[PDB]
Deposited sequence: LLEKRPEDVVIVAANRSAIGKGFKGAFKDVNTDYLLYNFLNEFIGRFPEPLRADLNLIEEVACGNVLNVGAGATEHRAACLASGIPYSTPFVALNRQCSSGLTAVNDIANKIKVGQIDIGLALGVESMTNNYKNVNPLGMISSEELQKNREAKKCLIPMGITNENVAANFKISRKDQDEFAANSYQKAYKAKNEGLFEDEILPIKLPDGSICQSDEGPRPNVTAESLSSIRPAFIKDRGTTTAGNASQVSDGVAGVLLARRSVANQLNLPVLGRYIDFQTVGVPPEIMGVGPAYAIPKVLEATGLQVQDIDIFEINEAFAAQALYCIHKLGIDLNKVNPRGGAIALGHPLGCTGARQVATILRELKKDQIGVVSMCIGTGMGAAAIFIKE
């Protein structure tokens, strides 16, 4: 599995923006279209010379999105079009709820794999700020908090993430993966404005906005073009989970991707398990038996925020900077109307 074959799906670049605060945040006066346009312009400069030389080398743009009309396909495609990605490049809008951005990844993973394409861009956007704006059993469930309701450990959990996120923030740890998004006033945003110092434990995830991109390619095509390689996508698995207890997703998706690859929990160095809510994150980690030490190393959703769409691909950018050469890490998250997703990766 650690053997690099020429038919591997390889990650060439994985970047994300600073996650702003919903409603209050840096992004409030901006929508997914400006966020996307801008992140793209940044992401492209960060691209190896043969690519930016011929952008029509990207043969597909899957963009995950949960709240726009039709998942933002017209605006997101216009945005790509403004950031130099040629018309010659098809675009696909996807919405698998909370995992959307991780599914943009599985979409391109498979196309490349199957030969449909060689090089392909996975995206994730969400402007919860400007978009949150839009009964007979079973179907009566479907689309969060109450499925969670279905506290000491949870606050304990909320603070440690908040502490891990603050350390990491302050230690410069996210300075690699984050890109500066210029705001229309003149400002520029390169810090996650969600993690805060001194969070301890007190009685009383986050509505945010953000973009995140991933550039996959098949190893063969990479070597030929001599393109840097950060790690490689190994597999992906989704599962259906009772909608009333959505959060339970990770406790079923993880074992699934594990069995399908042959790995075991204890073969994983890092787990990027999305914390929609602390109650559910904790439950997932403890049912599986995951080492809490190995969970969300630099802070989670609780502290960082959760821009629905963008999250699944944000965790990828992130898990890559937390990993060390030849390490395996999973990316999982509970999904909205009752699902569970989880992709596996390796550094190199």
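Visitor: Quickly check which stretches of the deposited sequence aren't in the model, judged by C-alpha, and list them in order.
Guide: The deposited sequence has unmodelled segments at 135-147, 157-158, 166-173, 228-246.
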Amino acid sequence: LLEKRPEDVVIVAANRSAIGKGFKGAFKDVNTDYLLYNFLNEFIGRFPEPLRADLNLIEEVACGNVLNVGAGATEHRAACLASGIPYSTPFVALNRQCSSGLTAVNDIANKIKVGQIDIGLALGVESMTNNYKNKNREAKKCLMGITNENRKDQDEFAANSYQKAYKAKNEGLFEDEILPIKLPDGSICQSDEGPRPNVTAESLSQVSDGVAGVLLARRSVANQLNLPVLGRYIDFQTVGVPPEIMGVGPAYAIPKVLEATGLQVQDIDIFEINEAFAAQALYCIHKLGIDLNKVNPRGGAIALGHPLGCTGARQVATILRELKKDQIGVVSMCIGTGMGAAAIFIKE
From here on, numbers count along this sequence of modelled residues.
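Visitor: When the Cα temperature factors in the entry are averaged, is it 299-307 or 280-288 that ends up higher?
Guide: 280-288 has the higher mean C-alpha B-factor.
Visitor: Which has higher Cα B-factors on average according to the PDB entry: 87-95 or 174-182?
Guide: If you average the C-alpha B-factors of 174-182 and of 87-95, the larger mean comes out for 174-182.
Visitor: Among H76, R219, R196, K113, where is the Cα B factor highest in this entry?
Guide: Top of the list by C-alpha B-factor: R196.
Visitor: Pick out which of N223, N106, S161, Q206 has the highest C-alpha B-factor in the PDB entry.
Guide: So the option with the highest C-alpha B-factor is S161.
Visitor: Against its chain's modelled residues, does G22's Cα B factor rank lowest, middle or highest third?
Guide: For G22, the deposited C-alpha B-factor lands in the lowest third.
Visitor: Comparing against every modelled residue in the chain, figure out the third that the C-alpha B-factor of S127 lands in (lowest, middle or highest).
Guide: It belongs to the lowest third of the chain when residues are ordered by C-alpha B-factor.
Visitor: Please place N134 in the lowest, middle or highest third of its chain according to the CA B-factor in the PDB entry.
Guide: Its C-alpha B-factor, which the entry lists for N134, ranks in the middle third among residues of this chain.
Visitor: Could you say whether, by C-alpha temperature factor, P242 belongs to the lowest, middle or highest third of its chain?
Guide: Highest third, going by the recorded CA B-factors of the chain.
Visitor: Grab the CA temperature factor for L323 from the record and place it in the lowest, middle or highest third of its chain.
Guide: Its C-alpha B-factor belongs to the middle third of this chain's values.
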